[PDB]
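Working notes for the structure below.
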Amino acid sequence: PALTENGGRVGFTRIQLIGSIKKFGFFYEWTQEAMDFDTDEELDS
Amino acid sequence: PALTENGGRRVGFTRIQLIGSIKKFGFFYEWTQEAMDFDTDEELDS
């Protein structure tokens, strides 16, 4: 920018960042008989 | 019955109806005056 003896007649910008959230999971089943007649006690643990 | 270790699926119950009835019954008899006055017995009415 070279300004002369006289004056007389830049920019700025911003950017946008986008994120997302997702869902996850899992689950399992068991029966009483499986726990009841099983050799190991802390199988639940 | 046979409950497998899975389970999931039964019995029912019923009742029956009894009906009676009321039936009318009766009879009657008649007599004349002369029957009472001119009878050999005087206690026929009784």
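The chains in the structure tokens are called A, B, ... from first to last as shown; in each chain the residues are counted from 1, and the ligands are counted from 1 in the order shown.
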
Output as a PyMOL selection string the set of chain A residues within 9 Å of chain B, with distances taken over only C-alpha atoms. chain A and resi 31-34

12 Å contact set for residue A:43, only C-alpha atoms, chain neighbours under 5 positions out, as a PyMOL selection string: chain A and resi 30+32+34-38

Excluding stretch 20-35 of chain B and its own-chain neighbours fewer than 5 positions away, which residues fall within 10 Å of it when counting only C-alpha atoms? Please give them as JSON, numbers by chain. {"B": [40, 44, 45]}

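For stretch 7-44 of chain B, the set of residues given helix (DSSP H, G or I) by DSSP on the backbone reads residues 33, 34, 35, 36 and 37 of chain B.
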
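Distance-wise, atom CA of residue A:26 and atom CA of residue A:42 end up 21.8 Å apart.
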
Here atom CA of residue A:39 and atom CA of residue B:3 stand apart by 22.1 Å
